[PDB]
Amino acid sequence: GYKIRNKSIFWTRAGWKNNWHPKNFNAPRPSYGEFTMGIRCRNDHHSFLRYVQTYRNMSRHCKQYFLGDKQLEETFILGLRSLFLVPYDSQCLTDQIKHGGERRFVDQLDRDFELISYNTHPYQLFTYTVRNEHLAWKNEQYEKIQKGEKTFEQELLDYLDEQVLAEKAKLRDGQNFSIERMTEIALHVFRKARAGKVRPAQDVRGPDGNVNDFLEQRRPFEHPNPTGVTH
Amino acid sequence: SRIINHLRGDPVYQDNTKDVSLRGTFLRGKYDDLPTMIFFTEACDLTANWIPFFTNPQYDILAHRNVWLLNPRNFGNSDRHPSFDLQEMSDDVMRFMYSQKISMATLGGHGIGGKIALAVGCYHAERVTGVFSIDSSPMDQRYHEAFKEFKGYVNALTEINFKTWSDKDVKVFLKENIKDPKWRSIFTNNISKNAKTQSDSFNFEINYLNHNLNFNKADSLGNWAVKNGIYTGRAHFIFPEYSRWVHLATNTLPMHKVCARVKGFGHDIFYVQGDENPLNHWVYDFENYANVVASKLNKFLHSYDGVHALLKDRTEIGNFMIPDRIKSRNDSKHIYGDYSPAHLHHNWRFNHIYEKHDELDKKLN
Amino acid sequence: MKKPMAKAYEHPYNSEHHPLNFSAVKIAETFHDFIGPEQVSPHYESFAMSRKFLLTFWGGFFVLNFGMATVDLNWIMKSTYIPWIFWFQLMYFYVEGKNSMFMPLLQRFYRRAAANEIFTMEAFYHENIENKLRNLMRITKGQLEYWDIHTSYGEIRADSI
Amino acid sequence: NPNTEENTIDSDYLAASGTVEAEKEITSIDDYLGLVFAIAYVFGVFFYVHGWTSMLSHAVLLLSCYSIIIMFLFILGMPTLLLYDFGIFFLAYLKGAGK
Amino acid sequence: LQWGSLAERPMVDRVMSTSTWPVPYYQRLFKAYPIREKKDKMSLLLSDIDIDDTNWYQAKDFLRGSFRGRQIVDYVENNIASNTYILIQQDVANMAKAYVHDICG
Amino acid sequence: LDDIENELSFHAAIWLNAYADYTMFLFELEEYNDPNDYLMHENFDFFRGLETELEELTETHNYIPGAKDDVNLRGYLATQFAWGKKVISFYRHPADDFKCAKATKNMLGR
Amino acid sequence: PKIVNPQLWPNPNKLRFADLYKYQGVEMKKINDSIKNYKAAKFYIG
Amino acid sequence: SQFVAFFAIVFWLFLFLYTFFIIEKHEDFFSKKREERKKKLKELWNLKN
Amino acid sequence: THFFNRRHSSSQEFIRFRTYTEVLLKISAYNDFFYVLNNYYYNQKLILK
Amino acid sequence: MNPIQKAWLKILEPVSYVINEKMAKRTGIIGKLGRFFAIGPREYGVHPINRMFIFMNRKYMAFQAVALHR
Amino acid sequence: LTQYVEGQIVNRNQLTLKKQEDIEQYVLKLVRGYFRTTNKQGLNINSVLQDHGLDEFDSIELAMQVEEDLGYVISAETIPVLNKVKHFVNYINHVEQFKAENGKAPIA
Amino acid sequence: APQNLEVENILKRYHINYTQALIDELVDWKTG
Amino acid sequence: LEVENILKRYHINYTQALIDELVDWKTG
Ligand SMILES: CCCCCCCCCCCCCCCCCC(=O)OC[C@H](COP(=O)([O-])OCC(O)COP(=O)([O-])OC[C@@H](COC(=O)CCCCCCCCCCCCCCCCC)OC(=O)CCCCCCCCCCCCCCCCC)OC(=O)CCCCCCCCCCCCCCCCC
Ligand SMILES: CCCCCCCCCCCCCCCCCC(=O)OC[C@H](COP(=O)([O-])OCC(O)COP(=O)([O-])OC[C@@H](COC(=O)CCCCCCCCCCCCCCCCC)OC(=O)CCCCCCCCCCCCCCCCC)OC(=O)CCCCCCCCCCCCCCCCC
Ligand SMILES: CCCCCCCCCCCCCCCCCC(=O)OC[C@H](COP(=O)([O-])OCC(O)COP(=O)([O-])OC[C@@H](COC(=O)CCCCCCCCCCCCCCCCC)OC(=O)CCCCCCCCCCCCCCCCC)OC(=O)CCCCCCCCCCCCCCCCC
Ligand SMILES: CCCCCCCCCCCCCCCCCC(=O)OC[C@H](COP(=O)([O-])OCC[N+](C)(C)C)OC(=O)CCCCCCCCCCCCCCCCC
Ligand SMILES: COC1=C(OC)C(=O)C(C/C=C(\C)CC/C=C(\C)CC/C=C(\C)CC/C=C(\C)CC/C=C(\C)CC/C=C(\C)CC/C=C(/C)CCC=C(C)C)=C(C)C1=O
């Protein structure tokens with residue numbers, strides 16, 4: 001498609017693709033015991049234990065609002081680990097960060113936990129919204145099954161199972177029903193089923209099989225254009 | 001066999017410009033009822049060179065539309081007429097669509113074939129859903145170095161007399177005069193022997209073409225006249241980054257000048273990122289150029305081709321309402337408001353799908 | 001099928017119209033609700049080019065309206081002379097003079113060129129991401145070749161005996 | 001479209017060019033960023049940046065006259081707060097060991 | 001429920017429109033988005049992520065919906081000496097040696 | 001034999017799940033066209049989850065662009081001709097300050 | 001309340017054209033969210 | 001010239017003389033975690049991601 | 001910057017790691033078509049061979 | 001749609017019957033008058049002032065959160 | 001004392017092991033119950049958690065579950081040394097011995 | 001149909017990537 | 001050389017042995 005042509009795109013004054021120690025004038029310089037009277041420094045060796053406690057806090061304080069959903073707790077753990085494994089897997093040399101990458105990431109996670117303790121972190125609100133929509137769709141499938149009715153997902157699977165039998169009963173020269181062939185069969189059914197949601201299937205024509213739907217249409221009288229002029 | 005169907009005919013020299021019939025290869029799509037696409041190859045280029053492009057499972061173009069690899073007049077298998085007027089050649093396609101029972105079709109082209117495809121949209125816009133032009137622009141190319149070489153090769157090809165020259169004489173003449181490797185191979189494959197080993201001859205009419213190019217006037221195939229007008233429909237242009245035919249500096253302006261609905265670069269006009277190579281004009285030979293052209297072609301056919309001008313994409317069909325001009329409808333007791341424009345079936349003229357769906361609609365009510 | 005949970009937690013202070021947290025996305029939605037959608041014109045010529053004579057009348061009407069109202073227009077012209085000379089001689093180089101004199105000052109151009117390349121990348125987003133997936137689909141298909149070998153082991157064992 | 005509208009192109013890249021200067025290690029950019037805005041109306045008078053405040057008061061340069069005072073007071077307090085951060089040893093940080 | 005013809009495509013793909021003169025001058029700037037609803041569509045961020053823990057976790061979720069799948073999950077998590085659930089086959093050692101121990105009979 | 005029959009089954013189920021991920025993305029990508037002609041909030045709806053990540057940056061005051069991105073490609077494109085060409089350091093917060101100060105026998109802390 | 005329809009044109013089917021009927025509902029839904037804020041602020045304002 | 005010299009002396013040079021950053025570290029657990037994490041993902045890197 | 005990097009900064013010679021939101025969307029926000037395609041693959045290849 | 005528009009609809013219910021039912025479907029001058037003054041939901045009924053407040057309120061509030069969170 | 005379990009409020013019960021055989025059975029059931037643990041039957045007393053798909057962060061989740069079942073308050077300094085099944089068994093023994101000798105819980 | 005298998009097996013031994021269009025053209029080339 | 005030409009059109013690297021098997025397939 002399109003590639004960056006500038007060969008010097010990742011060059012910095014500190015080297016190639018260096019986002020851990022950008023070059024500045026006030027560079028770090030060593031200290032000597034014999035010659036140093038006093039010092040004001042905030043660096044310590046408390047980041048490791050703060051990294052462990054922050055995980056326990058962020059994990060436990062978030063499970064307070066999971067209502068015991070076991071599958072949500074395990075999903076959250078996988079997501080929480082992806083946030084803590086950033087310094088270990090990134091291309092950036094996190095052990096070479098300017099003034100200590102360990103302290104920087106620990107203080108960054110503390111700001112996240114502060115929002116977590118108040119149940120106002122955007123990851124939390126996003127989890128509640130996503131899970132509610134998922135449970136509403138699972139409850140819809142459950143209520144249809146209790147009524148003995150067939151779900152829309154089960155009808156697709158049974159329809160896909162019968163199309164495979166039809167395509168393989170004519171495939172005698174070759175006998176490799178590859179995953180590529182299976183996929184394009186399911187995708188073709190999906191495109192017709194997706195278009196069928198906005199225009200349902202009334203007759204044998206099937207989902208979205210009416211040409212009259214695409215003739216000239218007008219807004220209903222009880223719902224005109226609310227935002228702009230029509231003429 | 002089944003997917004590749006090229007109707008066999010013999011070129012007929014016609015005195016009347018209206019008794020001209022076009023021949024070509026038809027490629028059947030994967031699905032039952034799909035709109036058709038009419039594609040024109042470069043001038044003096046084989047239609048078969050585009051078969052692997054349009055029948056590539058990776059690109060899967062036939063999943064969208066049926067493809068007609070059609071030859072223009074004086075080219076390949078079609079009838080011969082000395083005139084190369086774009087309006088007369090455009091009316092040839094309309095008689096072809098009628099004889100083949102095609103109501104409306106997508107138009108494509110490569111190089112000069114791109115000009116021909118766009119000309120049909122200029123003269124018959126109501127029969128054309130869209131135009132996809134590959135490495136071309138509606139501009140006077142009589143002074144482009146790439147066209148001058150093609151014009152020079154056709155002139156040198158008039159020197160060969162098939163009656164007196166032997167096969168070895170022709171092979172030497174082509175290698176020495178035609179330095180471009182692709183033009184050389186194309187012109188060799190155009191040489192064919194008639195029935196009863198009468199003699200050899202080019203598939204294209206070399207006399208009629210040479211006079212058109214050598215005269216170098218308004219009717220030349222390199223020229224784009226103001227007479228052609230404006231194309232009002234959907235148009236997409238794709239060409240290499242370093243193309244000898246379309247220069248990115250100024251050769252895009254003709255697209256805005258002729259095509260009314262072209263938005264600009266990055267929306268309807270793209271360049272394929274590539275190196276400087278005089279053979280980059282033939283995008284189907286290189287996979288890098290072909291992959292980008294095919295993806296942009298699939299995007300055009302799927303979402304932009306045959307969509308109303310004021311709609312963004314095909315996704316807005318049925319959910320976007322277009323403003324109406326006042327006093328535009330015959331009904332006097334009409335409350336003017338926004339409407340969604342009507343989109344019709346691709347061959348509604350020659351089928352009864354509207355009559356059949358009317359009766360199925362009454363069974364519901 | 002096991003009975004799923006009735007509902008997850010519902011935050012008592014987060015709504016779709018009044019989101020608790022802030023971002024430019026919600027401001028973008030409230031902004032386009034204010035200016036409204038794109039005012040699509042159904043005509044064949046623009047409004048200004050079709051009413052050039054009429055717009056010229058009202059343009060000069062309001063010029064005369066201001067001119068007839070402003071009795072002291074000459075006092076405003078003279079009071080504007082010094083700031084007109086001052087601000088144009090002071091800012092000439094930074095606006096226009098830099099293009100042919102001592103320094104170019106191409107900072108604003110560099111930002112246009114970076115945006116033009118980003119615009120092009122977005123235009124080819126489909127092609128670039130599809131090429132990236134083809135390599136992942138190649139690795140995925142390479143791992144699926146092992147299950148295809150084991151499925152035929154039963155046929156090999158049957159014919160081997 | 002952040003890539004076609006030159007108004008957001010200028011403002012986005014300009015803001016990014018300023019915040020990246022936090023790598024120069026002056027101090028917390030979250031602190032002095034507000035001082036940059038006030039300072040920009042002292043020297044921005046040269047570029048007429050104060051034009052949008054012409055009707056906000058009876059003095060066109062009201063915001064600029066306050067900003068030069070803010071710029072003077074907060075710059076004067078920077079060395080004072082630095083000596084406070086040093087502590088009682090602050091004189092050793094300046095001159096070093098006595099003689 | 002009706003499915004129509006598998007050989008045909010949706011009617012949206014088959015409907016078309018052509019232009020004529022005169023033509024509206026207006027060029028559309030943006031796509032209309034009057035109502036902020038994009039339900040039932042998956043996020044396009046899930047594009048080119050490599051294999052990870054979410055793959056074997058979601059595999060068990062869908063496998064446990066079947067009888068045969070429940071047997072596979074319980075057997076793998078109990079009777080397979082692997083230090084990870086991200087199973088990667090780079091050799092046929094365990095495959096070939098499992099065949100020679102069975103084809104002897 | 002039943003040990004590898006169930007091992008290769010779960011192994012295929014993992015990579016079939018990844019195959020379905022890539023397939024369903026290309027399926028959803030068909031409804032996405034002209035990324036330059038969408039509104040700001042509609043483009044973020046296609047890429048659901050980007051608004052949430054943008055809110056986390058705002059609520060934690062990580063308003064330095066590209067600080068939590070491993071490859072700030074946008075940062076490199078903006079600084080191709082910048083004086084003192086540099087990008088923001090990884091996970092740099094605008095409020096943190098690691099400045100030190102020492103007193104030695106020499107002046108100015110030397 | 002019921003709205004008198006002149007019936008000068010047939011309205012589109014709700015199942016075939018669902019997007020045309022949604023704007024009215026989401027508009028009142030926004031107001032309901034604002035009323036929740038007005039009621040919850042009774043003790044602070046009071 | 002005076003605009004550059006003002007900020008280059010009041011803020012840049014002034015803080016260069018009286019402040020600094022130490023080169024010694026008190027903790028280095030990121031370096032050893034990244035090495036162990038790299039061995040855990042060796043099989044995936046062999047597939048060339 | 002966030003919208004561009006999260007959609008254009010990935011490369012094939014590096015591993016793209018899943019974020020928190022991308023974990024929740026794959027596991028708890030899949031649509032019906034995704035659910036069908038996985039069970040369709042599992043039934044045809046792992047069960048029905 | 002807002003409750004004030006619904007309150008208008010309850011009061012204009014007899015007026016809605018005279019214009020929409022009787023006058024609107026007639027022909028001539030009475031028909032043109034009824035179709036022009038038809039009663040229902042408003043076309044282009046959005047209030048830009050209300051929308052202007054919502055935008056500036058959300059934009060200014062995001063600034064308050066940054067300036068206060070120190 | 002009560003917690004939600006699948007949307008239902010269930011009273012949480014605490015265990016008191018006070019026996020070597022019961023501590024080993026609890027830790028094995030604890031580690032096997034974790035959804036990231038591989039080769040659950042190959043897990044024994046001398047099993048390194050790394051060999052079963054567990055890292056430093058999984059030990060935190062396991063230590064968090066020990067506080068839920070036993071009522072312990074485990075400090076952040078102790079968690080990173082629990083990398084084997086034997087380590088959990090010895091730590092639980094040390095906590096029971098400490099409370100039996102000092103009459104109070106260890107420092108948290 | 002039978003001629004398709006003859007060409008496909010020939011292309012199979014040379015481990016050459018083949019498409020149905022190529023086979024249809026080769027088969028048409030044989031009859032032609 | 002018709003067999004060579006169709007193979008050339010598809011951009012398939014062909015050996016001399018393949019061409020002979022195809023020619024023999026048609027002639028035989
Ligand atoms: C009691 C008696 C008195 C009352 C009686 C009643 C009288 C009422 C009068 C109202 C008249 C009817 C109103 C109709 C609409 C307004 C008229 C109009 O021309 O709009 C069409 C015109 C576009 O129409 P179009 O053809 O359909 O658009 C097609 C394209 O999309 C357009 O863009 P494109 O680039 O794609 O296409 C080309 C484009 C090229 O032209 C342009 O695009 C213009 C480029 C300018 C934009 C650059 C950015 C600068 C503006 C940024 C925003 C500033 C405002 C917000 C900030 C401050 C907040 C308060 O258009 C043209 O070809 C030429 C355009 C017209 C000629 C030049 C116009 C100059 C005068 C109009 C502007 C007045 C400015 C203020 C002066 C008045 C003092 C207050 O609108 C504009 O260009 C902007 C004007 C918007 C309205 C504001 C002014 C309203 C009053 C104007 C009255 C007539 C002028 C009087 C003063 C004349 C001084 C010389
Ligand atoms: C250290 C910086 C300099 C400090 C000196 C004092 C200030 C300069 C005063 C005179 C200005 C002439 C030089 C042009 C400078 C243009 C720089 C510029 O405007 O930025 C463009 C630049 C990007 O635009 P560009 O187009 O790529 O720039 C290239 C130029 O267009 C052109 O491209 P270029 O590659 O050729 O530029 C390279 C640069 C090379 O500069 C250097 O490398 C510096 C030289 C080495 C250091 C020497 C200074 C040593 C200082 C220590 C000694 C001090 C002792 C004091 C007492 C002791 C105290 C203890 O310029 C030169 O080549 C200078 C040679 C001058 C040619 C002279 C030929 C004979 C002319 C005879 C007639 C003269 C008539 C002049 C009329 C009156 C003046 C208008 O923007 C930035 O870099 C932004 C960051 C700012 C950089 C740091 C601040 C430097 C000052 C920038 C101005 C303020 C920007 C910040 C506010 C922005 C708005 C919010
Ligand atoms: C017109 C306006 C005029 C004024 C304008 C300017 C305004 C100035 C305000 C600036 C800020 C002032 C606020 C100071 C905050 C103090 C807070 C505090 O208490 O923290 C303690 C803190 C010391 O604690 P540390 O450093 O953190 O650590 C301590 C070590 O751990 C400890 O290590 P160690 O145990 O080894 O140390 C041993 C011990 C040893 O100490 C000794 O040397 C001992 C001395 C001998 C005692 C007598 C022994 C007698 C023995 C008799 C024996 C009798 C027995 C004989 C035998 C009997 C037998 C039975 O040293 C100490 O610990 C004592 C240090 C504490 C002294 C506090 C000094 C601040 C007093 C300020 C007075 C005025 C405040 C007014 C503020 C009102 C608001 C503006 O004090 C400071 O940090 C002082 C910082 C001052 C820096 C700011 C200077 C700003 C520049 C001002 C002058 C500008 C001149 C140029 C002007 C140009 C035009 C603009
Ligand atoms: C008008 C709208 C609002 C605008 C607000 C202001 C916008 C500012 C936009 C960013 C410009 C900031 C300039 C900083 C220096 C950039 C150049 C650089 O990094 O030096 C590298 C330079 C340049 O090296 P170079 O390699 O990058 O470029 C060399 C130039 N060429 C390539 C042509 C050879 O190298 C140095 O080491 C010189 C160090 C001198 C540093 C001087 C900095 C003084 C100012 C910084 C402190 C200011 C504090 C102000 C805060 C006040 C708080 C109250
Ligand atoms: C608290 O934190 C903050 C915010 O929240 C985050 C902000 O948004 C903001 C930004 C502020 C804004 C975006 C608002 C900007 C508003 C501005 C500049 C002025 C607004 C002016 C108007 C809307 C004009 C209104 C016109 C009128 C009131 C006159 C006409 C109305 C009349 C005569 C009605 C008579 C009034 C009454 C009877 C009073 C009773 C009150 C009622 C509501 C009764 C209404 C009755 C009926 C029948 C509708 C700030 C500064 C802030 O500090």
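Chain letters run A, B, ... following the sequence lines, proteins first, then strands; residues in each count from 1. Order of appearance sets the numbers: ligands from 1, and atoms from 1 within every ligand.
- Near E:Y25, meaning under 4.0 Å from one of its heavy atoms, ligand 1 places the atoms 27 (O), 29 (C).
- Contact annotation: F:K86 has at least one heavy atom less than 4.0 Å from an atom of ligand 4.
- Residue contact check for ligand 4: D:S17 places a non-hydrogen atom closer than 4.0 Å to it.
- Counting the atoms of ligand 4 from 1 in the order shown, those under 4.0 Å from a heavy atom of D:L35 are 54 (C).
- Scanning all protein heavy atoms for the shortest distance to atom 15 (C) of ligand 4 gives D:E21 OE1, 3.8 Å.
- Proximity of F:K85 to ligand 4, defined as any heavy-atom pair under 4.0 Å, is confined to the backbone N, CA, C and O atoms.
- Of the charged side-chain nitrogens involved, none lies within less than 4.0 Å of a carboxylate oxygen, so that D:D85 and A:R40 do not count as a salt-bridged pair.
- Using 4.0 Å as the threshold, A:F25 has no heavy atom nearer than that to any atom of ligand 4.
- Residue D:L83 has at least one heavy-atom neighbour below 4.0 Å for each of these atoms of ligand 3: 87 (C), 90 (C), 91 (C).
- Counting heavy atoms under 4.0 Å from ligand 1, residue C:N65 does not touch it at all.
- Taking every non-hydrogen atom of C:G59 and a distance limit under 4.0 Å, the qualifying atoms of ligand 1 come out as 96 (C), 98 (C).
- Distances below 4.0 Å separate heavy atoms of C:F62 from the following atoms of ligand 1: 3 (C), 4 (C), 7 (C), 9 (C).
- Annotation for ligand 4: atoms under 4.0 Å from non-hydrogen atoms of A:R13 are 24 (O), 26 (O), 35 (O), 37 (O).
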